[PDB]
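Before any comments, here is the structure.
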Amino acid sequence: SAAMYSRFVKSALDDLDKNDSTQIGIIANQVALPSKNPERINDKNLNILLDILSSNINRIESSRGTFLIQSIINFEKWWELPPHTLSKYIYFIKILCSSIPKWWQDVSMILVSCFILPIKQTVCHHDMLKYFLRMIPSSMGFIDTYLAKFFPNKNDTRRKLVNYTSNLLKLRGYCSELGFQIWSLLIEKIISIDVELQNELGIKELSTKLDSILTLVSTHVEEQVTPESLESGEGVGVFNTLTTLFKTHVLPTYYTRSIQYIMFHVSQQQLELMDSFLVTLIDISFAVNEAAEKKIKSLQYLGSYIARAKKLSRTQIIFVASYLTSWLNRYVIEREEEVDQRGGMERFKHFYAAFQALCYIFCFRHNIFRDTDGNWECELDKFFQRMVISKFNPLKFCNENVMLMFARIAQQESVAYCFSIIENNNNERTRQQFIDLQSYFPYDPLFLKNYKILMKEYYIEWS
Amino acid sequence: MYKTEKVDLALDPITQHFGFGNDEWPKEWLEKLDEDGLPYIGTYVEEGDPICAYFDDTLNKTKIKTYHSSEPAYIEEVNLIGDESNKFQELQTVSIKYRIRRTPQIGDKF
Amino acid sequence: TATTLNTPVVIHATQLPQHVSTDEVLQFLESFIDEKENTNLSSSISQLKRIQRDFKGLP
Amino acid sequence: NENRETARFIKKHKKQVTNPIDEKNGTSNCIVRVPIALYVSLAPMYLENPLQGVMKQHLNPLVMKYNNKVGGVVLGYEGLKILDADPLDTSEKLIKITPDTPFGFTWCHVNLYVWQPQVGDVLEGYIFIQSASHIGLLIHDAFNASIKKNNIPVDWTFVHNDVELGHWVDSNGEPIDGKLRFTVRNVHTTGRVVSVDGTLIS
Amino acid sequence: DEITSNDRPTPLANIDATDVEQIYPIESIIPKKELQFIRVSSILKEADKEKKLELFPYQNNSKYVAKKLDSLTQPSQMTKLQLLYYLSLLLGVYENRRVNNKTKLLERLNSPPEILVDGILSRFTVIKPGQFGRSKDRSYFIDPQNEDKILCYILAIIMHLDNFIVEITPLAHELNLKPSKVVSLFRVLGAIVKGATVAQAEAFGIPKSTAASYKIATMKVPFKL
Amino acid sequence: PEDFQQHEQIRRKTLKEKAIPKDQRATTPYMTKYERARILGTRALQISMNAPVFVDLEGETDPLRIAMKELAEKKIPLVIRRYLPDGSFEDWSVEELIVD
Amino acid sequence: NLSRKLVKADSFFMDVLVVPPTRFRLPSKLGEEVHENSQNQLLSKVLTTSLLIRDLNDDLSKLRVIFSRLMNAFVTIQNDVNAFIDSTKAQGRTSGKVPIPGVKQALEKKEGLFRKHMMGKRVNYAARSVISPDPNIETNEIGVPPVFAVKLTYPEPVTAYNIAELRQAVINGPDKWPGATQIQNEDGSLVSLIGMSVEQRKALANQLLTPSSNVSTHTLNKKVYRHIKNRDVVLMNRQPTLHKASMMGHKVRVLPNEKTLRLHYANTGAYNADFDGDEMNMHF
Amino acid sequence: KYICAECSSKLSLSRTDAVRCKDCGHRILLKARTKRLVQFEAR
Amino acid sequence: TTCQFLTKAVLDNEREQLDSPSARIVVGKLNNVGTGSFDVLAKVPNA
Amino acid sequence: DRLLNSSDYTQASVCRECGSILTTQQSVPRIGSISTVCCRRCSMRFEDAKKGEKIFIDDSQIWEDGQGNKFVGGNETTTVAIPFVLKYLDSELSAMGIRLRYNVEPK
Amino acid sequence: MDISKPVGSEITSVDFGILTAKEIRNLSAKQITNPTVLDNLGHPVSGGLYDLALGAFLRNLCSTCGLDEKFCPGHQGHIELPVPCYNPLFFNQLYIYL
Ligand SMILES: [Zn+2]
Ligand SMILES: [Zn+2]
Ligand SMILES: [Zn+2]
């Protein structure tokens with residue numbers, strides 16, 4: 001009957017040139033049933049069909065040829081095949097839609113939507129993709145509405161969603177020179193679980209899914225940024241747009257705390273790539289025509305980027321940030337003749353924060369703040385002494401938690417004297433919500449139990 | 001002040017029926033309706049509250065007639081009007097009286 | 001899409017299409033590309049460096 | 001009132017530039033420079049660098065596509081001019097702001113490359129990857145082409161695989177290297193990425 | 001409002017035959033091509049009504065499909081069983097009159113042949129032309145032309161399956177209509193409404209006391225010229 | 001291209017012919033109130049669209065109130081046209097205009 | 001004449017009477033009875049007068065009183081088009097209280113089309129209210145009830161400038177102290193909050209400042225529509241005024257009290273006001 | 001619980017009833033109160 | 001009399017700059033008889 | 001903000017070279033076609049595609065209408081800040097017997 | 001009117017005209033000649049006074065624009081008179097020129 005089926009599929013293609021075309025549409029209603037039913041198309045009848053249709057294969061594009069292409073590519077759940085039928089069917093994707101941007105456009109609609117599937121079901125879901133990312137230059141046009149399209153929300157069940165978050169690191173690892181598109185969904189969607197998290201600080205579903213992102217993404221991307229690809233591979237191109245992309249989806253949202261852990265882990269592993277991010281924190285707040293609240297948080301990204309870590313060139317921490325200690329000299333020479341003019345005290349958000357952020361280094365690393373000889377680092381007996389009774393009172397408008405850790409170490413280590421001033425504070429002592437930006441510290445202590453696997457590495461306890 | 005509302009039905013055999021039939025109407029508005037489809041006497045109507053949840057005939061469903069005014073008031077009287085007719089019909093006209101409790105607030109007139 | 005913020009409102013041509021040969025623009029596309037790094041600007045770099053090899057290179 | 005109206009049939013349908021064969025090397029010349037008066041709208045964020053700030057406004061999302069008025073698939077810009085409303089050259093200059101919104105105007109004219117499709121002209125083909133009801137024809141390895149069943153020759157013939165893309169057989173039976181031929185009959189504008197649709201009788 | 005002339009939903013009918021069963025063809029309704037593309041060789045392998053109304057594409061709530069299902073169980077009566085799949089789509093468009101696409105409608109019918117579908121959509125629905133459906137399938141709409149166009153395939157089936165009688169109240173009310181809607185609708189093909197005769201009074205179970213209000217509709221001969 | 005340039009150099013000469021430079025200035029040289037009812041709010045919705053600011057605002061989260069903190073300080077980058085209503089305009093700027 | 005157009009007689013004859021579109025003839029339901037547009041009643045008078053005289057050339061050319069079927073109906077063919085436009089002169093109507101208004105009479109009702117639709121428009125974002133006098137207002141404030149401090153909202157963008165006060169509008173919403181009712185996005189969405197909970201009030205305030213997914217709208221930002229403040233202006237004007245100094249703007253301070261509007265003492269000289277029932281508007 | 005309006009002739013009628021007062025020919029029917037734990041206003 | 005003031009207006013077939021606010025706002029435009037009797041230009045740094 | 005921004009602002013669309021708002025369309029497109037916006041008055045029917053040889057049409061003027069036909073012409077039209085009442089008006093006065101034309105400033 | 005939506009053009013002026021038979025060719029989509037507007041049964045008749053080819057009446061799809069009534073303006077139509085008649089507007093002007 002195999003020779004009886006081969007003439008049943010050869011007598012179809014004739015009479016479309018005789019404008020009858022009888023036996024065409026009968027088969028295409030069979031290739032759309034599920035695999036739940038034995039009366040569909042099977043192994044033997046398809047590869048015989050996919051060669052007899054390929055006799056003179058210029059026979060698709062006519063007025064009747066939309067009903068044929070769809071359900072062949074819509075062979076639903078197409079990973080149920082032995083390795084003999086699997087050959088010519090994958091070849092038929094390589095012949096049907098090799099140049100027409102109309103149904104190959106409906107192929108990457110399938111191959112991206114079938115990346116929600118587990119990785120051992122995607123043995124060829126991305127190897128089909130990687131071949132045309134090195135051969136075809138311009139098939140990037142009609143996939144540019146296919147990345148954020150196939151992001152469902154959490155109304156779908158758990159295992160389809162977060163497995164899709166890992167399936168595109170295979171795909172990006174061979175498509176390296178492009179750089180920026182693949183992130184542009186997964187940069188936005190760190191915030192969406194995080195937005196529903198700090199206002200919850202239905203909540204248990206944020207536990208293991210965040211375990212399914214934090215240990216997942218910050219390990220395989222950590223194996224992307226690697227010392228074996230510093231100056232020979234594509235590693236310099238990684239850093240070029242993971243600063244401005246961090247600047248436009250961590251800085252514009254406030255009180256949203258699970259997102260500053262992207263570059264908090266892969267460049268603390270080394271010496272230079274932290275210091276590549278040490279110049280990143282410099283250029284932000286130090287211009288004129290920038291945003292309004294850019295002076296506070298960006299230099300607050302220097303507070304626990306220095307304190308709670310372990311791998312720092314600490315001979316460079318005083319050296320590179322010497323301009324901020326030279327700011328403290330520049331702030332007292334040129335900029336203390338303006339206070340009795342029109343205005344209050346709150347012109348200087350740069351002053352209660354970056355001075356606080358360097359004093360956020362104070363209570364945590366006191367053995368760094370001493371040398372071998374016996375003096376103080378940069379003469380602490382005058383430098384943090386000159387700023388007491390000036391026209392701002394930097395012991396008046398302060399924080400609660402860290403700015404009242406100023407009471408233990410200042411006396412027993414003989415740092416400062418403010419114990420007769422604390423009673424004198426609360427007599428003299430928009431703007432009502434100005435405290436909302438000056439209360440949160442960026443790199444807080446870690447609360448989770450299974451991402452602490454990665455980040456107890458360069459994180460020390462209180463001493 | 002009073003606002004005597006009414007309910008007129010379909011401006012043929014009679015095919016509009018007060019009360020409930022046999023479908024399942026969505027509950028939690030037990031709090032205003034007796035099962036005869038007429039409401040209580042003396043409860044606090046708002047906007048977002050049925051008045052005459054009656055049973056249709058064209059789908060055999062229960063439709064619900066909520067409150068079309070602002071006026072958060074109470075509900076007072078229920079009259080039942082039909083036709084004296086020798087081929088007598090089931091009653092199809094209810095004239096329900098409200099009484100709205102008007103405290104003298106500032107901006108009134110003496 | 002396709003509004004006044006997405007599309008320029010009125011477009012017209014200045015003059016006749018001053019023509020260049022096919023090999024003429026091979027000297028004059030490099031200034032369109034190399035001024036980039038001193039979504040769409042990602043796909044403005046990789047696909048246009050693969051049409052270099054139409055008349056200049058070979059894969 | 002018969003012959004007077006009929007003059008406008010051509011001046012809004014004249015082929016602006018037709019092109020003959022090029023160099024006798026298989027290809028043809030349809031890459032060309034056109035200055036155009038791009039009446040653009042501003043970027044109120046970017047009133048400190050409109051040399052870049054309006055370039056990201058209607059010009060980088062203008063690339064690699066076709067339009068209505070230039071009659072060609074635009075490809076690339078050069079020579080950013082911006083124009084003013086004064087007898088002023090000058091470094092700093094004025095922009096007319098809209099009287100309703102910060103999105104201002106400027107009636108600037110800048111100079112564009114464009115690709116154009118002409119009719120009945122030969123064009124290059126590369127064996128890039130071969131299709132089922134298409135022969136693989138990557139014009140400048142960038143955009144795609146199209147054929148039909150009704151415009152293939154007789155000696156053009158096919159063989160499908162036997163042991164383990166698709167074999168094509170010429171007039172005698174030997175495959176060749178990459179260079180292919182294609183002529184133009186029609187165009188199809190409104191896909192996602194544009195392409196042309198032709199015949200092979202030349 | 002119709003490619004059929006002048007508001008009557010009657011296609012090319014017949015009044016000029018001799019056979020009783022051949023007074024009106026369903027080829028006027030369902031054409032030759034879709035009528036012969038039914039894999040019908042698996043229906044009467046089973047016999048029980050639980051194993052018949054549970055593998056069809058559509059399952060209704062009422063017995064309005066199966067009100068004549070026991071009148072055909074033998075496979076000698078397969079010609080009207082092709083109409084019983086059409087029974088399964090007699091209501092296949094009107095109780096989903098609100099929605100008018102197809103892939104959402106694919107979850108209404110568990111795997112039917114799509115070639116059986118688009119003879120009703122192309123004529124009896126008024127199409128919304130939209131290419132947002134056309135990559136999938138053919139979207140449509142039902143206008144207010146379509147209220148009395150949707151019953152004549154009961155006046156040639158429910159008439160046809162019981163030797164050409166139709167009673168009012170198991171038809172005017174199982175279709176949820178008032179029995180005065182049909183008197184101005186009886187004469188749209190050539191049907192005749194008539195009272196209670198002397199022999200066929202037992203076909204519903206009525207006495208003679210309401211026989212002037214007991215009104216029947218049937219077909220015996222070709223329509224009176 | 002043919003009568004495009006008929007509408008390209010008919011405007012570059014009817015802008016010479018309709019202009020008046022600062023030498024033939026004839027209008028009142030004050031920053032007046034309709035001007036003050038204009039260039040604030042013309043910058044104020046412009047500064048609302050994340051436009052750059054030069055002077056440190058005192059946290060005063062109103063788009064209108066920043067520009068009056070600029071108007072009496074003159075870091076206001078706007079230029080005013082003024083119509084003489086029979087086919088001639090006159091130009092100004094804010095650096096050479098002084099406030100009532 | 002820059003185009004050099006001939007004038008022709010064919011324009012001054014009515015060949016067509018172009019019929020107005022669907023959206024401009026729409027029959028609504030009003031009263032006990034319902035019937036369609038009174039324009040279509042003029043049109044459906046012409047057609048069956050046209051199509052009566054249209055089908056007479058059948059009765060002469062496909063070959064007496066039959067000639068009077070056209071001439072003494074041409075006086076009604078004349079009377080077709082005119083009463084569509086202008087009904088000053090039609091056949092003698094008895095006192096039936098109304099002849100039908102076609103277009104020009106149907107423009108101007110009590111000669112008020114431009115006077116109520118084109119020029120004198122009915123306006124959104126209003127408030128009509130009874131006035132009250134109250135102190136402690138320096139002649140350009142208006143004390144307002146919170147029920148006008150929750151209804152009339154104000155469009156205002158987010159920036160890297162309006163976050164700290166503006167997230168307070170989002171977290172209240174339409175509940176209380178002025179909040180945020182219709183949050184929009186980079187494309188023009190309408191994300192309401194009139195039923196969204198305080199979980200969705202703390203959520204969206206951590207969301208509002210985000211660059212667009214489409215980089216074709218790369219510069220825009222979301223517009224949090226806050227209600228009203230101590231920092232915006234209410235314009236107010238009296239209805240029968242007949243002078244210039246009546247459209248006097250004021251700012252507003254929220255005033256937790258009953259439901260009326262509070263004029264200041266001294267301001268009654270401009271508006272020619274009483275308090276014997278008189279009451280004036282409020283705009284925004 | 002439907003008190004008539006003719007002579008307070010108390011009846012408790014259901015649906016599908018022939019409406020008349022039950023001594024003479026009057027139609028109009030009121031409705032009576034039922035105890036409900038409902039919170040009411042007092043200032 | 002705008003019924004009768006178009007027999008003297010359409011018949012002439014004029015060109016109106018419609019600059020009075022009884023014609024300026026009927027198309028929707030900023031007024032020449034007030035605080036928008038002109039527009040604003042904008043200084044930009046460089047070409 | 002008062003007399004135009006009540007609710008009457010829109011981005012109405014005006015065919016230039018005849019000057020109307022009621023005439024243009026957002027046409028129901030072809031199979032792949034997106035944002036098919038054109039006019040009908042400045043266009044003409046493809047049954048009049050005849051004639052110098054016959055010129056090959058350039059596919060930017062083949063576009064499907066609503067009834068199912070195919071006609072050719074009258075392409076470019078932008079969005080103009082117009083009240084709907086004016087868009088009501090130029091069809092109110094077209095019916096009484098006055099033809100109307102508008103124009104714009106960018107040509 | 002929102003700041004987030006710009007507009008790239010304006011309106012300058014007005015122009016008048018008078019109805020000629022030449023401009024009836026391309027002004028519409030379908031004739032209107034049948035007298036009544038919709039019969040029984042609820043449908044608006046096609047080629048009718050509430051045609052769908054003249055706008056979109058009563059939540060039907062618009063057979064000119066293909067999308068719903070939230071995006072349909074409604075289109076121009078036209079009668080054809082039996083004889084070309086007067087315009088009583090202009091009866092005060094070309095009475096005398098005649
Ligand atoms: Zn009694
Ligand atoms: Zn036009
Ligand atoms: Zn339409």
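Chains: A, B, ... in order of the structure tokens. Residues: from 1 per chain. Ligands: from 1, in order shown.
The neighbours of segment 212-218 of chain E here are the residues that come within 10 Å of it, using only C-alpha atoms and leaving out any residue fewer than 3 positions away in the same chain; they are residues 155, 159, 160, 163, 164, 165, 166, 167, 168, 169, 186, 191, 192, 193, 194, 195, 196, 197, 200, 201, 204, 206, 207, 208, 209 and 221 of chain E.
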For the selection just defined, write its residues with N, CA and C atoms to a file, as a CSV table (one decimal), in the first residue's frame.
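The result, stored in part-v2.csv:
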chain,number,residue,atom,x,y,z
E,155,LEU,N,-37.6,23.3,8.5
E,155,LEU,CA,-38.8,23.1,7.6
E,155,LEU,C,-38.5,22.1,6.5
E,159,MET,N,-39.5,18.7,9.2
E,159,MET,CA,-40.5,18.3,8.3
E,159,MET,C,-40.2,16.9,7.7
E,160,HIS,N,-38.9,16.8,7.3
E,160,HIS,CA,-38.5,15.6,6.4
E,160,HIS,C,-38.4,14.3,7.1
E,163,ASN,N,-42.2,12.0,7.8
E,163,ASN,CA,-43.1,11.9,6.7
E,163,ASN,C,-44.0,13.2,6.5
E,164,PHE,N,-43.3,14.3,6.5
E,164,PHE,CA,-43.8,15.6,6.1
E,164,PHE,C,-45.0,16.1,6.9
E,165,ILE,N,-44.8,16.3,8.2
E,165,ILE,CA,-45.7,17.2,9.0
E,165,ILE,C,-44.8,18.0,9.9
E,166,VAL,N,-45.3,19.2,10.3
E,166,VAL,CA,-44.7,20.1,11.3
E,166,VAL,C,-45.8,20.6,12.2
E,167,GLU,N,-45.7,20.4,13.5
E,167,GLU,CA,-46.6,20.9,14.5
E,167,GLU,C,-46.0,22.3,15.0
E,168,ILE,N,-46.9,23.1,15.4
E,168,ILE,CA,-46.6,24.5,15.8
E,168,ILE,C,-45.7,24.5,17.1
E,169,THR,N,-46.3,24.1,18.2
E,169,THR,CA,-45.7,24.4,19.5
E,169,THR,C,-44.4,23.6,19.8
E,186,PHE,N,-45.1,31.5,6.8
E,186,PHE,CA,-45.4,30.2,6.2
E,186,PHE,C,-45.3,30.2,4.7
E,191,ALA,N,-45.4,26.7,1.4
E,191,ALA,CA,-46.0,25.9,2.4
E,191,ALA,C,-47.4,26.4,2.7
E,192,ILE,N,-48.3,25.5,3.2
E,192,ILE,CA,-49.7,25.8,3.4
E,192,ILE,C,-50.0,25.5,4.9
E,193,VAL,N,-50.5,26.5,5.7
E,193,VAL,CA,-51.0,26.2,7.0
E,193,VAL,C,-52.5,25.8,6.9
E,194,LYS,N,-52.8,24.8,7.7
E,194,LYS,CA,-54.2,24.3,7.6
E,194,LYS,C,-54.5,23.6,9.0
E,195,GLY,N,-55.8,23.4,9.2
E,195,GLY,CA,-56.3,23.0,10.5
E,195,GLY,C,-56.2,21.5,10.9
E,196,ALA,N,-57.2,21.0,11.5
E,196,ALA,CA,-57.2,19.6,11.9
E,196,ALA,C,-58.2,18.8,11.0
E,197,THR,N,-57.6,17.7,10.4
E,197,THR,CA,-58.4,16.9,9.5
E,197,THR,C,-59.1,15.8,10.2
E,200,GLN,N,-55.5,12.5,10.7
E,200,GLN,CA,-54.2,12.9,11.2
E,200,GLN,C,-54.3,13.6,12.6
E,201,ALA,N,-55.4,13.5,13.3
E,201,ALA,CA,-55.5,14.2,14.6
E,201,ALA,C,-54.6,13.6,15.7
E,204,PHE,N,-50.2,14.5,17.2
E,204,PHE,CA,-49.6,15.2,18.4
E,204,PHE,C,-50.3,14.8,19.7
E,206,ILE,N,-54.1,15.7,20.3
E,206,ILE,CA,-55.1,16.8,20.5
E,206,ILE,C,-56.5,16.3,20.5
E,207,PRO,N,-57.5,16.9,21.2
E,207,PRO,CA,-58.9,16.5,20.9
E,207,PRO,C,-59.4,17.3,19.8
E,208,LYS,N,-60.7,17.2,19.6
E,208,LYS,CA,-61.4,18.0,18.5
E,208,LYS,C,-61.9,19.4,19.0
E,209,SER,N,-61.8,19.7,20.3
E,209,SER,CA,-62.4,20.9,20.8
E,209,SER,C,-61.5,22.1,20.6
E,221,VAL,N,-48.3,17.6,-2.5
E,221,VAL,CA,-48.2,17.7,-4.0
E,221,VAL,C,-47.3,18.8,-4.3
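Based on only C-alpha atoms and all ligand atoms, the protein and nucleic acid residues found within 9 Å of ligand 3 are, by chain and then by number, residues 25, 26, 27, 28 and 66 of chain J; 52, 53, 54, 55, 56, 61, 62, 63, 64, 65, 66, 67, 68, 69, 71, 72, 73, 74 and 75 of chain K.
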Go ahead and save the residues from that selection, with N, CA, C and O atoms, as a JSON list (two decimals), in the first residue's frame.
[["chain", "number", "residue", "atom", "x", "y", "z"],
["J", 25, "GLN", "N", -10.30, 58.39, 3.73],
["J", 25, "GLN", "CA", -10.58, 57.15, 4.45],
["J", 25, "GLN", "C", -9.34, 56.69, 5.19],
["J", 25, "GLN", "O", -8.23, 57.15, 4.95],
["J", 26, "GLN", "N", -9.56, 55.73, 6.08],
["J", 26, "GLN", "CA", -8.54, 54.80, 6.56],
["J", 26, "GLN", "C", -8.97, 53.47, 5.97],
["J", 26, "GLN", "O", -9.76, 52.73, 6.56],
["J", 27, "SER", "N", -8.48, 53.19, 4.76],
["J", 27, "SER", "CA", -9.03, 52.11, 3.96],
["J", 27, "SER", "C", -8.69, 50.74, 4.54],
["J", 27, "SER", "O", -7.60, 50.54, 5.09],
["J", 28, "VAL", "N", -9.65, 49.83, 4.45],
["J", 28, "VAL", "CA", -9.44, 48.43, 4.79],
["J", 28, "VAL", "C", -8.43, 47.84, 3.80],
["J", 28, "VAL", "O", -8.67, 47.83, 2.59],
["J", 66, "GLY", "N", -13.42, 49.56, 0.59],
["J", 66, "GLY", "CA", -14.38, 48.84, 1.40],
["J", 66, "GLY", "C", -15.31, 47.89, 0.68],
["J", 66, "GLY", "O", -15.48, 46.75, 1.12],
["K", 52, "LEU", "N", -24.79, 50.44, 4.42],
["K", 52, "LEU", "CA", -23.50, 50.30, 5.06],
["K", 52, "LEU", "C", -22.37, 50.81, 4.18],
["K", 52, "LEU", "O", -21.23, 50.87, 4.63],
["K", 53, "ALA", "N", -22.66, 51.15, 2.93],
["K", 53, "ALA", "CA", -21.67, 51.65, 2.00],
["K", 53, "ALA", "C", -21.65, 53.16, 1.93],
["K", 53, "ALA", "O", -21.13, 53.72, 0.96],
["K", 54, "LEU", "N", -22.31, 53.72, 2.95],
["K", 54, "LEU", "CA", -22.53, 55.16, 3.21],
["K", 54, "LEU", "C", -22.22, 55.48, 4.68],
["K", 54, "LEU", "O", -22.67, 56.53, 5.14],
["K", 55, "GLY", "N", -21.52, 54.59, 5.40],
["K", 55, "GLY", "CA", -21.16, 54.82, 6.77],
["K", 55, "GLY", "C", -21.23, 53.53, 7.54],
["K", 55, "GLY", "O", -20.82, 52.48, 7.04],
["K", 56, "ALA", "N", -21.75, 53.59, 8.76],
["K", 56, "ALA", "CA", -21.94, 52.38, 9.55],
["K", 56, "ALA", "C", -23.12, 52.64, 10.48],
["K", 56, "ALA", "O", -23.00, 53.40, 11.45],
["K", 61, "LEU", "N", -20.60, 46.31, 10.84],
["K", 61, "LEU", "CA", -19.28, 46.67, 10.35],
["K", 61, "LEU", "C", -19.43, 47.63, 9.18],
["K", 61, "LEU", "O", -20.38, 47.54, 8.40],
["K", 62, "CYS", "N", -18.50, 48.57, 9.08],
["K", 62, "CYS", "CA", -18.52, 49.55, 8.00],
["K", 62, "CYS", "C", -17.93, 48.96, 6.73],
["K", 62, "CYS", "O", -16.74, 48.64, 6.68],
["K", 63, "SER", "N", -18.75, 48.90, 5.68],
["K", 63, "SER", "CA", -18.33, 48.34, 4.40],
["K", 63, "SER", "C", -17.62, 49.37, 3.53],
["K", 63, "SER", "O", -17.66, 49.27, 2.30],
["K", 64, "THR", "N", -17.00, 50.37, 4.14],
["K", 64, "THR", "CA", -16.14, 51.29, 3.43],
["K", 64, "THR", "C", -14.77, 51.33, 4.10],
["K", 64, "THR", "O", -13.75, 51.45, 3.41],
["K", 65, "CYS", "N", -14.72, 51.21, 5.43],
["K", 65, "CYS", "CA", -13.45, 51.27, 6.13],
["K", 65, "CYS", "C", -13.03, 49.96, 6.78],
["K", 65, "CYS", "O", -11.86, 49.83, 7.16],
["K", 66, "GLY", "N", -13.94, 49.01, 6.96],
["K", 66, "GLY", "CA", -13.57, 47.69, 7.42],
["K", 66, "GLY", "C", -13.37, 47.54, 8.92],
["K", 66, "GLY", "O", -13.20, 46.41, 9.39],
["K", 67, "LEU", "N", -13.37, 48.63, 9.67],
["K", 67, "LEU", "CA", -13.30, 48.59, 11.12],
["K", 67, "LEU", "C", -14.59, 49.15, 11.71],
["K", 67, "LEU", "O", -15.49, 49.60, 10.99],
["K", 68, "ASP", "N", -14.69, 49.12, 13.04],
["K", 68, "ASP", "CA", -15.96, 49.32, 13.73],
["K", 68, "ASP", "C", -16.38, 50.79, 13.74],
["K", 68, "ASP", "O", -15.72, 51.66, 13.15],
["K", 69, "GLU", "N", -17.48, 51.09, 14.42],
["K", 69, "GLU", "CA", -18.02, 52.45, 14.46],
["K", 69, "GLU", "C", -17.24, 53.37, 15.39],
["K", 69, "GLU", "O", -17.48, 54.58, 15.36],
["K", 71, "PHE", "N", -14.25, 53.88, 14.78],
["K", 71, "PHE", "CA", -13.29, 54.46, 13.85],
["K", 71, "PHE", "C", -13.94, 54.79, 12.52],
["K", 71, "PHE", "O", -13.25, 54.89, 11.50],
["K", 72, "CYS", "N", -15.26, 54.96, 12.49],
["K", 72, "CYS", "CA", -15.96, 55.26, 11.25],
["K", 72, "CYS", "C", -16.54, 56.66, 11.29],
["K", 72, "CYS", "O", -17.32, 56.97, 12.18],
["K", 73, "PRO", "N", -16.18, 57.51, 10.34],
["K", 73, "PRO", "CA", -16.81, 58.83, 10.28],
["K", 73, "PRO", "C", -18.14, 58.83, 9.55],
["K", 73, "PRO", "O", -19.01, 59.66, 9.82],
["K", 74, "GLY", "N", -18.33, 57.90, 8.62],
["K", 74, "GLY", "CA", -19.50, 57.97, 7.76],
["K", 74, "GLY", "C", -19.21, 58.80, 6.53],
["K", 74, "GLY", "O", -18.64, 59.89, 6.64],
["K", 75, "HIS", "N", -19.64, 58.33, 5.37],
["K", 75, "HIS", "CA", -19.17, 58.85, 4.09],
["K", 75, "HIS", "C", -20.28, 59.55, 3.33],
["K", 75, "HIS", "O", -21.46, 59.39, 3.62]]
List all protein, DNA and RNA residues that have an atom no more than 10 Å from any atom of ligand 1, counting only C-alpha atoms and all ligand atoms, and report them as a PyMOL selection string. chain H and resi 3-10+20-27
Taking only C-alpha atoms and all ligand atoms into account, report as an MDAnalysis selection string which residues have an atom no farther than 8 Å from an atom of ligand 2. chainID J and resid 15:20 23:24 39:43 74
Would you mind reading off the distance between atom CA of residue 77 of chain E and atom CA of residue 118 of chain E, one decimal, in Å? 26.1 Å
Residue 64 of chain B: which residues within 8 Å, counting only C-alpha atoms, same-chain residues fewer than 6 positions away excluded, as an NGL selection string? :B and (50-54)
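Take the candidates C:33, C:26, C:51, C:11 and check each one against chain F using only C-alpha atoms; the shortest distance goes to C:11.
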Helix (DSSP H, G or I) call set, DSSP backbone run, chain J, as a ChimeraX atom specification: /J:46-48,84-96
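Every protein, DNA or RNA residue with an atom at most 8 Å from residue 81 of chain F, where only C-alpha atoms count and chain neighbours fewer than 3 positions away do not, is listed here: residues 89, 90, 91 and 92 of chain F; 38, 39, 40 and 41 of chain I.
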7 Å contact set for residue 184 of chain G, only C-alpha atoms, chain neighbours under 5 positions out, as a CSV table (one decimal) with C-alpha atoms, in the first residue's frame:
chain,number,residue,atom,x,y,z
G,189,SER,CA,-3.3,53.9,27.4
G,190,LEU,CA,-6.0,54.6,29.9
G,191,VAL,CA,-5.1,52.7,33.1
G,222,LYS,CA,3.8,58.8,31.6
G,223,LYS,CA,1.3,61.4,32.6
G,224,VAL,CA,0.0,61.0,36.2
